[PDB]
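Okay, target_2.txt is below, compact mmCIF, C-alpha atoms:
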# COMPACT_ATOMS: atom_id res chain seq x y z
CA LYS P 126 23.10 -193.52 -123.89
CA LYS P 127 22.59 -193.36 -120.13
CA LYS P 128 24.23 -196.74 -119.62
CA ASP P 129 27.13 -195.83 -121.92
CA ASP P 130 27.69 -192.65 -119.88
CA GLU P 131 27.56 -194.67 -116.65
CA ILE P 132 30.10 -197.18 -117.98
CA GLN P 133 32.42 -194.35 -119.02
CA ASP P 134 32.08 -192.73 -115.58
CA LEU P 135 32.79 -196.05 -113.86
CA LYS P 136 35.91 -196.55 -116.00
CA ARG P 137 37.09 -193.00 -115.27
CA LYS P 138 36.64 -193.41 -111.52
CA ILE P 139 38.37 -196.80 -111.64
CA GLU P 140 41.29 -195.04 -113.31
CA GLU P 141 41.21 -192.32 -110.64
CA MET P 142 41.24 -194.87 -107.81
CA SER P 143 44.14 -196.72 -109.44
CA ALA P 144 46.01 -193.42 -109.82
CA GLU P 145 45.52 -192.57 -106.14
CA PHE P 146 46.59 -196.13 -105.29
CA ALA P 147 49.87 -195.67 -107.16
CA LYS P 148 50.52 -192.10 -105.99
CA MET P 149 50.06 -192.82 -102.29
CA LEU P 150 52.03 -196.05 -102.70
CA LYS P 151 54.94 -194.01 -104.02
CA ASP P 152 54.50 -191.53 -101.17
CA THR P 153 54.54 -194.37 -98.64
CA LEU P 154 57.68 -195.83 -100.21
CA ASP P 155 59.33 -192.40 -100.08
CA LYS P 156 58.45 -191.96 -96.40
CA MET P 157 59.66 -195.49 -95.65
CA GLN P 158 62.98 -194.75 -97.34
CA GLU P 159 63.33 -191.40 -95.55
CA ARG P 160 62.63 -192.84 -92.10
CA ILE P 161 64.91 -195.83 -92.71
CA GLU P 162 67.74 -193.59 -93.90
CA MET P 163 67.39 -191.18 -90.98
CA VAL P 164 67.36 -194.04 -88.46
CA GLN P 165 70.40 -195.59 -90.15
CA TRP P 166 72.30 -192.29 -90.04
CA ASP P 167 71.42 -191.52 -86.42
CA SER P 168 72.48 -195.03 -85.41
CA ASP P 169 76.24 -195.49 -85.08
CA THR P 170 76.08 -198.68 -87.18
CA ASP P 171 78.67 -199.18 -89.88
CA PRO P 172 78.36 -197.91 -93.48
CA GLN P 173 78.68 -201.62 -94.20
CA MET P 174 75.25 -202.13 -92.63
CA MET P 175 74.14 -198.98 -94.44
CA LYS P 176 74.98 -200.65 -97.76
CA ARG P 177 73.45 -203.91 -96.52
CA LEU P 178 70.09 -202.20 -95.96
CA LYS P 179 70.40 -200.30 -99.25
CA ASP P 180 70.90 -203.57 -101.14
CA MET P 181 68.23 -205.50 -99.21
CA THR P 182 65.58 -202.84 -99.83
CA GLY P 183 66.11 -203.26 -103.58
CA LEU P 184 66.25 -199.50 -104.15
CA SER P 185 69.36 -199.48 -106.37
CA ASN P 186 68.38 -197.15 -109.20
CA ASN P 187 68.95 -198.53 -112.70
CA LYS N 126 21.27 -205.66 -120.64
CA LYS N 127 24.83 -205.75 -121.99
CA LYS N 128 25.36 -202.22 -120.67
CA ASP N 129 24.02 -203.20 -117.24
CA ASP N 130 26.40 -206.16 -117.19
CA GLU N 131 29.34 -203.90 -118.08
CA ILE N 132 28.34 -201.44 -115.34
CA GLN N 133 28.13 -204.24 -112.78
CA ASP N 134 31.55 -205.54 -113.84
CA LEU N 135 33.01 -202.05 -113.44
CA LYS N 136 31.48 -201.75 -109.96
CA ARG N 137 32.91 -205.13 -108.96
CA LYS N 138 36.33 -204.06 -110.23
CA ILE N 139 36.04 -200.86 -108.18
CA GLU N 140 35.26 -202.81 -105.02
CA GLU N 141 38.12 -205.25 -105.65
CA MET N 142 40.57 -202.39 -106.20
CA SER N 143 39.42 -200.68 -103.00
CA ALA N 144 39.85 -203.88 -100.99
CA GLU N 145 43.32 -204.45 -102.44
CA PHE N 146 44.25 -200.83 -101.72
CA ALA N 147 43.23 -201.06 -98.07
CA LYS N 148 44.82 -204.48 -97.53
CA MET N 149 48.17 -203.60 -99.07
CA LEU N 150 48.27 -200.23 -97.31
CA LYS N 151 47.88 -202.18 -94.07
CA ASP N 152 50.68 -204.47 -95.27
CA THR N 153 52.99 -201.52 -95.97
CA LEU N 154 52.24 -199.99 -92.57
CA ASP N 155 53.04 -203.31 -90.90
CA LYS N 156 56.28 -203.58 -92.88
CA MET N 157 57.35 -200.09 -91.82
CA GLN N 158 56.48 -200.82 -88.18
CA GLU N 159 58.47 -204.07 -88.25
CA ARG N 160 61.52 -202.44 -89.83
CA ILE N 161 61.42 -199.53 -87.38
CA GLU N 162 61.11 -201.89 -84.41
CA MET N 163 63.95 -204.11 -85.63
CA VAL N 164 66.30 -201.19 -86.30
CA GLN N 165 65.35 -199.77 -82.90
CA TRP N 166 66.03 -203.01 -81.02
CA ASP N 167 69.33 -203.71 -82.78
CA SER N 168 70.71 -200.36 -81.61
CA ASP N 169 71.72 -200.24 -77.94
CA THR N 170 70.04 -196.84 -77.56
CA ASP N 171 68.19 -196.14 -74.33
CA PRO N 172 64.46 -197.05 -74.33
CA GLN N 173 63.98 -193.28 -74.41
CA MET N 174 64.23 -193.54 -78.20
CA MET N 175 61.86 -196.52 -78.14
CA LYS N 176 59.21 -194.43 -76.40
CA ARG N 177 59.91 -191.38 -78.58
CA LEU N 178 59.46 -193.34 -81.81
CA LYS N 179 56.32 -194.98 -80.41
CA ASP N 180 54.79 -191.62 -79.49
CA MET N 181 55.83 -189.63 -82.57
CA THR N 182 53.51 -191.37 -85.05
CA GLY N 183 50.48 -191.15 -82.77
CA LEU N 184 49.83 -194.83 -83.49
CA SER N 185 49.24 -195.57 -79.79
CA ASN N 186 46.69 -198.35 -79.41
CA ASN N 187 43.19 -196.94 -78.97
Could you write out this file's structure as structure tokens?
Amino acid sequence: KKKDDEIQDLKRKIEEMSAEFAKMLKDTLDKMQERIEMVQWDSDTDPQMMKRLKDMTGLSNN
Amino acid sequence: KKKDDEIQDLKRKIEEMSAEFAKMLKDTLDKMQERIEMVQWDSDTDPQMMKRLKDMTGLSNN
């Protein structure tokens, strides 16, 4: 019973670490997008380059 | 003994996930730094913005 409980706890904490992995990955992607967009907007570069970055980043929502 | 083996496998998975998390977080940080530096160099803005972007994140080499 002790070892079963330990295995369950290990699985649960593996799931928790994976969840934090994914959540902070999404947060990092969001911050990357925000900084990139703000730099693009503050720069006088063309909306053509705006669309170029938008396409290259692969962020086109389906 | 089977339970001990399962526990050890779970611990190894935990360590592998932690290593992957740290490595790929470093990779994402490097990607963001490279993109910021490239977008900063392409623009003809005064190195004032270079220094401002360097100082804002507090990532000054320690």
Within 10 Å of chain N, which residues of chain P are there when counting all atoms listed in the file? Please give them as a ChimeraX atom specification. /P:126-136,138-140,142-143,145-147,149-150,153-154,156-158,160-161,164-165,168-170
Atomic distance atom CA of residue N:179 - atom CA of residue P:180, expressed in Å with one decimal: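 These two atoms are separated by 26.8 Å.
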So how many Å separate atom CA of residue P:155 and atom CA of residue N:187, to one decimal?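 So the two atoms, atom CA of residue P:155 and atom CA of residue N:187, lie 27.0 Å apart.
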In Å, how far is it from atom CA of residue P:162 to atom CA of residue P:184?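 Atom CA of residue P:162 sits 11.9 Å away from atom CA of residue P:184.
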File output, chain P (C-alpha atoms) as a compact mmCIF listing (two decimals), in the first residue's frame:
# COMPACT_ATOMS: atom_id res chain seq x y z
CA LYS P 126 0.00 0.00 0.00
CA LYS P 127 2.82 2.40 0.81
CA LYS P 128 4.46 1.82 -2.56
CA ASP P 129 1.14 2.20 -4.39
CA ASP P 130 0.59 5.53 -2.63
CA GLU P 131 4.12 6.63 -3.54
CA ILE P 132 3.59 5.70 -7.20
CA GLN P 133 0.32 7.64 -7.26
CA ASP P 134 2.02 10.67 -5.69
CA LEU P 135 4.87 10.48 -8.21
CA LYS P 136 2.38 10.33 -11.09
CA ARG P 137 0.43 13.28 -9.68
CA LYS P 138 3.55 15.42 -9.27
CA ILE P 139 4.71 14.44 -12.77
CA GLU P 140 1.35 15.70 -14.03
CA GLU P 141 1.77 18.90 -12.01
CA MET P 142 5.25 19.53 -13.43
CA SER P 143 3.98 18.92 -16.97
CA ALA P 144 1.10 21.33 -16.33
CA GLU P 145 3.46 24.05 -15.10
CA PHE P 146 5.68 23.32 -18.12
CA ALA P 147 2.78 23.94 -20.50
CA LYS P 148 1.35 26.93 -18.62
CA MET P 149 4.60 28.86 -18.42
CA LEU P 150 5.37 27.90 -22.02
CA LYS P 151 2.10 29.53 -23.07
CA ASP P 152 2.93 32.56 -20.91
CA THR P 153 6.36 32.83 -22.55
CA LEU P 154 4.82 32.59 -26.01
CA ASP P 155 2.32 35.31 -25.08
CA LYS P 156 5.08 37.61 -23.82
CA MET P 157 7.15 36.90 -26.93
CA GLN P 158 4.19 37.81 -29.14
CA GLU P 159 3.45 40.96 -27.13
CA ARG P 160 7.04 42.22 -27.22
CA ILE P 161 7.40 41.40 -30.93
CA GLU P 162 4.15 43.19 -31.77
CA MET P 163 5.03 46.28 -29.72
CA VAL P 164 8.49 46.50 -31.31
CA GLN P 165 6.95 46.07 -34.77
CA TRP P 166 4.41 48.83 -34.12
CA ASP P 167 6.93 51.27 -32.65
CA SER P 168 9.24 50.67 -35.61
CA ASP P 169 8.26 52.56 -38.76
CA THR P 170 8.62 49.38 -40.84
CA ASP P 171 5.93 48.58 -43.37
CA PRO P 172 2.73 46.62 -42.62
CA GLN P 173 4.19 44.35 -45.30
CA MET P 174 6.96 43.42 -42.86
CA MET P 175 4.29 43.26 -40.15
CA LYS P 176 2.52 40.53 -42.13
CA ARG P 177 5.87 38.91 -42.93
CA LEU P 178 6.62 38.49 -39.22
CA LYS P 179 3.05 37.38 -38.53
CA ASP P 180 3.34 34.63 -41.15
CA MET P 181 6.88 33.58 -40.18
CA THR P 182 5.97 33.21 -36.50
CA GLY P 183 3.29 30.68 -37.48
CA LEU P 184 0.68 32.33 -35.24
CA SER P 185 -2.16 32.39 -37.80
CA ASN P 186 -5.15 31.17 -35.80
CA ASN P 187 -7.12 28.34 -37.40
